[PDB]
Amino acid sequence: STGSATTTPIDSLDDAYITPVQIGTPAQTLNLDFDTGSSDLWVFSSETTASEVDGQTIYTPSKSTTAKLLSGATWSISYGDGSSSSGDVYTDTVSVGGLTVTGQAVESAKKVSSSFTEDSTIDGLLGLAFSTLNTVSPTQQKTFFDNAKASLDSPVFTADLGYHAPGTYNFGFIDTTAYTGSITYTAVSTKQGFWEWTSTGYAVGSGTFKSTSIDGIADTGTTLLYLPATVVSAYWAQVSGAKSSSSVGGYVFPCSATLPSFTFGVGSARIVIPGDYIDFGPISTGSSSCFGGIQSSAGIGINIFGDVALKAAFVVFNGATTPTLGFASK
C-alpha cells in the first residue's frame, strides 16, 4: 500500500504545516501537525476542557462505530517549546492520503496548554519519530508509520514541505519526479528516539564550505533551524545590523536586509537554504525588526533541522531495519 497527502502552511510565515487525517467511522477529518520529532498521535476531542478549545475541529469517539476505549491508558507530553497536553486513549481507524491503519492509538486530549488553544488551525499532532518516545502509559503505543510499515510497498515516508506553498507527505514510495539530482542517504541514530543524523558542515552565502560534524535531528514539528552558537554567529555576522536580543529571544535583523543563503552538508552533497527562507518577519506587527530563521541551539541540548532546513529538500525517512535519512535538492 501507499498514501499521499498534501500538507499546507498554517500561516504566511510557514510556522507549521497541517495535513488532513481521517479518524473513525464515519470519517472525522482533522488537520494534524505531522511531527517527526515526537511519537504521539493526539487530537482535540469531545473530552477536551471546553475553555481550552477555541476553533479547532474535535474528534468525538462516541460518534465513531470503530472507536474503542484503550482501558486504563493515559498520556502526557511536553514539547521543546514549553507546550503540553494530556488525556486518555482510544483505538480507531486512521487514514492518511488513502493509507489506512486499523487499531491506531488515538490519544484524546483532556487538557492542552495555551499555545495549542490559541492556534485554531491545528487540531492535534501526528508523531513520526520512533515509537520508543510514545508517552502512553502503562502500555506504550506505536506511531501511525510503525503500524503501517509492514503493509507499505517500501518502509519509508517522505517529507516535501513547501516554501509559502503546499507540499506533500508520501508513505510507502519515493516520488522520483519530486526532486532533482540524486538522493544522498546518511546514517541515523535512534538512541534518543529521533531521526538523528550528522551533517558534514555548512557554508554562509557564497562563502567557503566549513567541514565540521553537526549532530542534529530532522524535525518537521519545529519551525526554525537551531544550530551551535558558533555556526549561528558566523551566519548573522554577514547581515548588517543583525544581533542577538535577549528580550526578543534570539537573533533579529533589520527587515530591510537581504539575507544570505545557508548551505548544510549531507555527506558529500549540499542543500542550499535560500536567504528568503530565513526571514520570519516582524517581531511584532509593524516593527522594522525581523525574526531570524536560524537560531542558536545552545539552550536546547540538541541541534534541530526544523522546517527552515527541511523545506529546502526532498527528505526520505527510511524506516528499514537499519533506518537512514535521505536528502535531495528540489
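As deposited, the entry is annotated with X-ray crystallography as its determination method and 1.12 Å as its resolution.

Section: the sheet that holds strand 20 (residues 289-292)
Judged by pairing direction, the sheet is antiparallel, and its 4 strands sit side by side in the order 15-16-20-19 without closing on themselves. With partners counted over all chains shown, the strands left at the sheet margins are strand 15 (243-245) and strand 19 (279-282), one partner each. Going across the sheet, the axis of each strand differs from the next one's by a mean of 40 degrees, ignoring polarity. Two strands pair when backbone bridges link them, and strand 15 and strand 16 (residues 250-254) are joined in this way by 3 bridges, in the antiparallel orientation. From the neighbouring strand, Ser-244 faces strand 16, where its bridge partner is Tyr-251.

Some points on the nonpolar core
In this structure, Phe-171, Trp-236, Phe-262, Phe-264, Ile-273 and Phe-327 are the most contacted members of the largest nonpolar core, which totals 73 residues. For this core, the element with the most residues is helix 3 (residues 229-236), which contributes 4 residues. Both domains that meet at this core, namely domain 1 (5-174) and domain 2 (175-330), each give it at least three residues. When near neighbours in sequence (up to four residues on either side) are disregarded, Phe-264 contacts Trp-197, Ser-199, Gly-201, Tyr-202, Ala-269, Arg-270, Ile-271, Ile-273, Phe-305, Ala-309 and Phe-327. Residues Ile-18, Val-112, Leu-125 and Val-136 belong to the second largest nonpolar core, which totals 16 residues.

Scoring rules and cut-offs
- Residues numbered from 1 in each chain as written, not as in the entry; some residues may be left out.
- Heavy atoms only, no water.
- Residues with missing side-chain atoms left out of burial classes, pairs and counts.
- Pairing = 2+ DSSP bridges.
- Helix = DSSP H or I, 4+ residues; strand = E, 2+ residues; numbered from the N terminus.
- Axes fitted to C-alpha atoms, helices over the stretch in contact; angles between N-to-C directions.
- Core = buried A, V, L, I, M, F, W, Y, C linked by side-chain atoms within 4.5 Å.
- Buried < 20%, exposed > 50% of the residue type's maximum accessible area, 1.4 Å probe, protein only.
- Domains from an automatic or database assignment.
- Contact = heavy atoms within 4.5 Å.

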